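In structure tokens, the next block holds one chain alone, the form deposited in one PDB entry.
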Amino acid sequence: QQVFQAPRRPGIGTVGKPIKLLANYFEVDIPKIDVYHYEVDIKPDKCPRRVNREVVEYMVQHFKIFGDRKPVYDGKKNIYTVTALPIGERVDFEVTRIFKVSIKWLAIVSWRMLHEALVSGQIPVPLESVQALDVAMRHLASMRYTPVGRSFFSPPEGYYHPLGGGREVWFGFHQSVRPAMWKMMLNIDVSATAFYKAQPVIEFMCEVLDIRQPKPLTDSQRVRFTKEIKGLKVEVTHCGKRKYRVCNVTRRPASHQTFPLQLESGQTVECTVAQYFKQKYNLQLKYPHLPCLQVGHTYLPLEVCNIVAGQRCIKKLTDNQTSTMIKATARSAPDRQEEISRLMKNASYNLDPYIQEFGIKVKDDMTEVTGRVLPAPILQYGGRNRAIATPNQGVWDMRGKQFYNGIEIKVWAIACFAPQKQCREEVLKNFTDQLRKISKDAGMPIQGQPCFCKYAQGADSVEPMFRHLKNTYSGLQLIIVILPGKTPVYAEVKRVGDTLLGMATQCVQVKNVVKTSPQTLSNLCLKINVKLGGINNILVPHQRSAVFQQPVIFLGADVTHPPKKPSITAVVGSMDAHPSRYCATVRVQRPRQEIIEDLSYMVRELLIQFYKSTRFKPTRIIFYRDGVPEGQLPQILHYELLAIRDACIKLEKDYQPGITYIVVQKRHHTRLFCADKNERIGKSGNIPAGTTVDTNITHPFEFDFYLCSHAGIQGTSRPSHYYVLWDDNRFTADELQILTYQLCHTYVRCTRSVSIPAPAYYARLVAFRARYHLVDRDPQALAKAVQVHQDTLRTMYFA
């Protein structure tokens, strides 16, 4: 039961250059009628939704209970009809496989009430009415395609995008219905996800093992193959195709794996899989040296199995697979716009008989919305120049500029973990020469040559070397670590540097040492300066929100879930009034838990550090929360607002700073496109950085907005969505939109406006770093692993 009401929208923004946009939201007209909600209970109880749908489809065809109605169904418990069914609780006995089915009336759901919420803004949006509409509009798609979350996919036709390792890309679309002012909106986007190829198990095995001289699998090969195929469904081909789920792969080859077979004589014998296939099916195995799949002592030789079609790949993709998939699926904004428009035409929503049954109509053109391009802030640099930077198309640079507070680097070391042959002494010297030149220009002078420069190999060499360095070189400020590509050395450098010894480290791939770029070296300096306590730039102070007239702390929070492994929570807090410098807190928690369990304590730590750093108690807390699943906003808000308040009260009983709580979401399918082709930016043709929308496609009365704060480089930009779930601070829409945009210009790792505010982005980096610190059991040990060293606690080690 929600008790913290989200703020109503205080108004719409008026600041910024108007820009005409199109959104992939299509207006939906609904009849102002009652719809009838029935519960369906199917026994057996835990069949796949696709099986449940088959059952209800059978019943609807065979029991016209239903009359001439066309019910819609969610594949679970919920059926809806446009007029009442001629019943009171009805029990059915279906043979399609025998099912016991019961149906009973549950509710009347009002679309008149839904309409009233959308037009008047005087009542809550009735979620039960929205659900009925969502179910009706996706019913037919759910019968035709393969549903995956809120998307639909179908087998590749006319295209083929293998990812290697027995996986391929399927294209489809996302569909959702959302309330807006005046009308419901149908959100449609194209999508793509990885599925396992429908192919023989032997072929899947060869892809997974990178097999192009028949011999048994090595122990390594078998464990590898097992991890990939365990949990997948296979179908057999020797019986003319029964499906099974794979629970293991046998240690023994088919030639030697036995099971107990009872003979006619009553005696039970240990029969091998190969012998059994020969006698029972007259099947001589071609690969008896390969193991068997254990399914359901049921063992299947690999060669009688195929991977069942339509299985989405849930496991993480390799870097190559991920790169391949991004390539195959990237689309410019105008191309995506056309694909969506084309999809809508081919879909003919208005000709769907369920949509017709429920009197629904869908507009076939994208919704027009006038957005505004917010002004970008000016950044203030330091040095003798005291230069300013004026972002242009979301970007600026360091030319002629020096850091606001640049650190002088007097004592530094180099540790090269790439082989000396691939990174010679003269090459290291050219690298350091160029870096010192760039660092000087940036106002972060590296005074001399390194105190120490050594070659090493293997993760095991890191701690001995770093301990030596810490002990031998007083006042050591930095170790630059050269790495030979992707390596376990990185995780160990960060474990030892961040958690064990508390020493600043900056890693660099050998490829960027061998061939240097001024841009790459300049970017390295942005990180080094901040890691060593400096400030790269600040927002020009007089052009900020009035919240800066009193002490204010900005917090960013994120939660990361495992692909056993814990979930990781991270909260960062600003430590100055700029805001530029941040400190981080991080914890491990129960896997898949979405609420930040330890939020109160983490906030308390950050408030305490803010006081130490500034000598002020914050009178306002501005909290940007990333990682929140759609649908769970009320629950996360309830517990976390209380946890932030708890932190305050525990510091001092009457401490009640004004809290603004904002959810940041990039994982949605709202896309915005320039309506005037003339205003598109770059090759990708995206909306300009700063494009903001708070009308037409946003909530009918709550306080949410889209802001695409970044320049789109590739594909179609995702505009970040911001939901203001609490605001004690009385922000105007312009004020809070502008503040959010300015914070996207304070992110230290690049001279660009990034897609989410720096505090949220930092929390993401802190959580990701904890995953490296955890690279290697009991909960106590895991918690210790992510605790950074005392000398690291107060630093931006996550930059």
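Only residues modelled in both forms are compared. Here, rigid core means the biggest group of C-alpha atoms that superpose within 1.5 Å across both forms. Heads up: residue numbers just count along the shown sequence, starting at 1.
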Worksheet item: Looking at the other compared entries that model both neighbours, is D728 missing coordinates in at least a third of them?
Response: no
Discussion item. Using a one-third cut-off over the other compared PDB entries, is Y624 one of the residues left without coordinates?
Written reply: no
Response to the item:
Unresolved deposited positions lying between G158 and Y159 come to none
Worksheet item: None, 1 to 3, 4 to 9, or 10 or more: how many residues of the deposited sequence lack coordinates between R212 and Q213?
Response: 4 to 9
Worksheet item: Going by the B-factors listed in the PDB entry, is the mean over the C-alpha atoms higher for 44 to 52 or for 23 to 31?
Response: 44 to 52
Discussion item. Per the record, averaged over C-alpha atoms, which has the higher B-factor: 119 to 127 or 303 to 311?
Written reply: 119 to 127
Worksheet, complete the sentence: Scanning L526, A711, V572, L85 for peak Cα temperature factor in the entry gives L85
Response to the item:
Entry record, C-alpha B-factors for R336, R592, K612, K650; the maximum is at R592
Practice prompt. Using the B-factors in the PDB entry, rank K183's C-alpha atom against the chain and give the third, lowest, middle or highest.
Written response: lowest
Discussion item. Please say which third, lowest, middle or highest, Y38 falls into when its CA temperature factor is compared across its chain.
Written reply: middle
Discussion item. Ranking every modelled residue in this chain by its Cα temperature factor as given in the entry, which third contains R9?
Written reply: lowest
Worksheet item: Going by the entry, which third of its chain does the Cα temperature factor of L599 land in?
Response: lowest
Worksheet, complete the sentence: Entry-reported C-alpha B-factor of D498 relative to its chain, by third, is lowest
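One more form of this protein exists, namely the form solved in complex with a partner chain; it is left out here, but the text below deals with it.
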Practice prompt. Check whether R331 has any heavy atom within 4.5 Å of a heavy atom of the partner chain in the entry with it bound, and answer yes or no.
Written response: no
Item to complete: Flag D576 as yes or no: does it have a non-hydrogen atom within 4.5 angstroms of any non-hydrogen atom of the partner chain in the entry with it bound?
Response: yes
Discussion item. Within 4.5 Å, heavy atoms only: does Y276 come near the partner chain in the entry with it bound?
Written reply: no
Discussion item. Residue-level question: is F616 within 4.5 Å of the partner chain in the entry with it bound, judged on heavy atoms?
Written reply: yes
Discussion item. Tell me which stretch of 628 to 636, 110 to 118, 497 to 505, 398 to 406 has a heavy atom within 4.5 angstroms of the partner chain in the entry with it bound.
Written reply: 398 to 406
Fill in: Candidate from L469, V373, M181, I608 lying within 4.5 Å of the partner chain in the entry with it bound - any heavy atom
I608
Response to the item:
Picking from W105, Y145, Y655, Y601, the single residue whose non-hydrogen atoms come within 4.5 angstroms of the partner chain in the entry with it bound is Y655
Item to complete: Send over the list of consecutive residue runs, 3+ long, where the C-alpha shift is 2 angstroms or more at every position between this form and the one not shown on a core fit.
Response: 89 to 96
